[PDB]
Amino acid sequence: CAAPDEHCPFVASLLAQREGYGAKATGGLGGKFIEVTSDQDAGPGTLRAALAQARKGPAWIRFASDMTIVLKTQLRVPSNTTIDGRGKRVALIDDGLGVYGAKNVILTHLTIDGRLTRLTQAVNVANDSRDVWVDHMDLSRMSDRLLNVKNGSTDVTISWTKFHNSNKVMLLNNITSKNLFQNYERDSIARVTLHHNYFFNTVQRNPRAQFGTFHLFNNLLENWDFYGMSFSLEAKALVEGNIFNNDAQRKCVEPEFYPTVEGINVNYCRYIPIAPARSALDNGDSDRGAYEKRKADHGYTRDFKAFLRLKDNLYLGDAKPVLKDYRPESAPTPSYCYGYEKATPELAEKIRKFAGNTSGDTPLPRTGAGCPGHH
Ligand SMILES: CC(=O)N[C@@H]1[C@@H](OC(C)=O)[C@@H](O[C@H]2O[C@H](C(=O)O)[C@H](O[C@H]3O[C@H](C(=O)O)[C@H](O)[C@H](O)[C@H]3NC(C)=O)[C@H](OC(C)=O)[C@H]2NC(C)=O)[C@@H](C(=O)O)O[C@@H]1O
């Protein structure tokens, strides 16, 4: 490991774990190592300085020591870059990572905690970004968003990541026009795989997904305060082997208030007793009102609902099923090979143990249509 090539064992070990729509990402493979030696927001040896250097050519960024990096603005991640916090405890505080117009990016083993300090995002994959792998992250306390994949971005895998202690967690595409399908051609190309993630002590949008093609398998949603998942507007999703666990009688752990653009907002603690039955919003409910009000003038021929195929999802504790198959024939049958596990309480335990920015290893356990010899 003089360089991040296929012969470097920790490069090879990481790349062996790839699966899903982001599985082609190699980040800084074949480029240079850059070792972050300063924990400052900016300056020599900083993460920000490393990312600037990474604009010049493929870079695999590692950290010299455990560090807390208090960010004043969001970091911008260029193409062909890996940010690799393995072997160290690295936390980004108050701001996060923007992946804008970038191809071929791997983010692994980092903590990002917004502390509700400012209106920003932990991981923002936007504006024609592609081939992005978000792995073993620990993301929390963003007053805007933990993670977006939006605005013509595609070919993304989110794996083994702990999303916690935050309100509006994840958007898979957004809506920025009154005509709900105005950006459909642009955003329907989004292909995103979510597997082995842990959504714990969050409020909502776990994820909220529209327009694109999504595969959610073997995720654990636990102790949400408002709703778990939401799908609408011809999202096409295969939702399989996930575990939803909740209890209507538990102590609230939300902050007293949330900062917002319009000022201070109350928390969602009063919804705890009705949250378990809202494992998801009903299919299409996120945008149904707008769709029904606007369909007269816009003449929508696309569905307000998502096309869903659901298999082998658990509903534990007080959690109750909501989502059912709807036009399942139009949901994806992913072209790739993936390591699907039967949904059991033992799987939930595995996810709680290993999801996030953890020290233990998560090698792939694989059959399916995309698996040569093992269909
Ligand atoms: C139990 C229940 O579902 N009650 C809701 C109301 O929820 C409240 C008052 O908490 C209310 O729902 C609207 O407000 C929600 C909220 O305050 O968090 C959600 O809104 C957030 O997300 C939507 C979204 O489309 O995803 C928008 O971006 C909102 O701006 C955002 N608001 C804030 C403060 O962050 C509800 O949206 C979703 C998707 O669940 C939002 N509902 C709608 C249709 O816009 C109420 C209402 O319609 O205003 O509906 C129920 O009674």
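Everything discussed here concerns the structure shown above.
Following the criterion strictly, the structure yields 20 salt bridges and no others. Between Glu329 and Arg327 there is a salt bridge, with the nearest N and O atoms lying 3.9 Å from each other. For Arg327, a relative accessible area of 41% translates into the label partly exposed. Note that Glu341 and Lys350 form a salt bridge whose closest N and O atoms lie 3.0 Å from each other. Among the residues examined, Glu341 registers a relative accessible area of 16% and is labelled buried. Linked by salt bridges that have partners in common, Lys24, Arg130, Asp131, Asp155 and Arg191 make up one network.

Moving on to the nonpolar core. One finds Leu47, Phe63, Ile83, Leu97 and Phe231 to be the most contacted residues of the largest nonpolar core, which totals 64 residues. When residues no more than four places from it in sequence are discounted, the contact partners of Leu47 are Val36, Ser38, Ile61, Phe63, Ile69, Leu75, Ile83 and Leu92. Counting residues in hydrophobic clusters, the runner-up holds 11 residues, among them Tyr198, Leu220, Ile243 and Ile351.

Let us now look at the state of the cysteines. Applying the stated criterion to the full structure yields three disulfides. Paired by a disulfide, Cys252 and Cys269 hold their sulfur atoms 2.0 Å apart. Given an S-S torsion of about -80°, the disulfide between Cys252 and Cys269 has left-handed geometry. Of this pair, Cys252 sits in the loop between strand 24 (243–246) and strand 25 (257–260) while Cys269 sits in the loop between strand 26 (263–266) and helix 4 (288–298); the two residues are 17 residues apart in sequence, bridging distant segments of the chain. Assessed through its relative accessible area of 25%, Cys252 is described here as partly exposed.

A few words now on the sheet that holds strand 21 (residues 220–222). The nine strands are arranged 3-6-9-12-15-18-21-24-28 in an open sheet whose pairing can be described as parallel. This sheet does not close on itself; its edge strands, each paired only once, are strand 3 (67–70) and strand 28 (314–317). On average, each strand axis in the sheet is inclined to that of its neighbour by 15°, with strand direction left out of account. With three bridges connecting them, strand 6 (residues 90–93) and strand 9 (residues 111–113) associate as parallel partners. Residue pairing in the sheet places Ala91 in a bridge with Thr111 of strand 9. Packing of helix 5 (residues 345–354) onto the sheet brings it into contact with strand 18 (198–204), strand 21, strand 24 and strand 28, and relative to strand 21 it is tilted by some 85°.

The next point concerns the environment of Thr111. Checked against the element boundaries, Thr111 lands in strand 9. Note on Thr111: relative accessible area 16%, which makes it buried. Separated by 202 residues in the primary sequence, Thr111 and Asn313 have C-alpha atoms spaced 28 Å apart. Aside from chain neighbours lying at most four places away, what touches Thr111 is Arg89, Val90, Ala91, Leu92, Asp138 and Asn357. Among the polar contacts listed, one links the side chain of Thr111 to the side chain of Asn357, at a separation of 3.1 Å.

The rules behind the values
- Residues numbered from 1 in each chain as written, not as in the entry; some residues may be left out.
- Heavy atoms only, no water.
- Salt bridge = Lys/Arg side-chain N within 4 Å of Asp/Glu carboxyl O.
- Buried < 20%, exposed > 50% of the residue type's maximum accessible area, 1.4 Å probe, protein only.
- Core = buried A, V, L, I, M, F, W, Y, C linked by side-chain atoms within 4.5 Å.
- Contact = heavy atoms within 4.5 Å.
- Disulfide = S-S within 2.5 Å.
- Helix = DSSP H or I, 4+ residues; strand = E, 2+ residues; numbered from the N terminus.
- Pairing = 2+ DSSP bridges.
- Axes fitted to C-alpha atoms, helices over the stretch in contact; angles between N-to-C directions.
- Polar contact = N/O pair within 3.5 Å; in protein donor to acceptor, adjacent residues only side chain to side chain.

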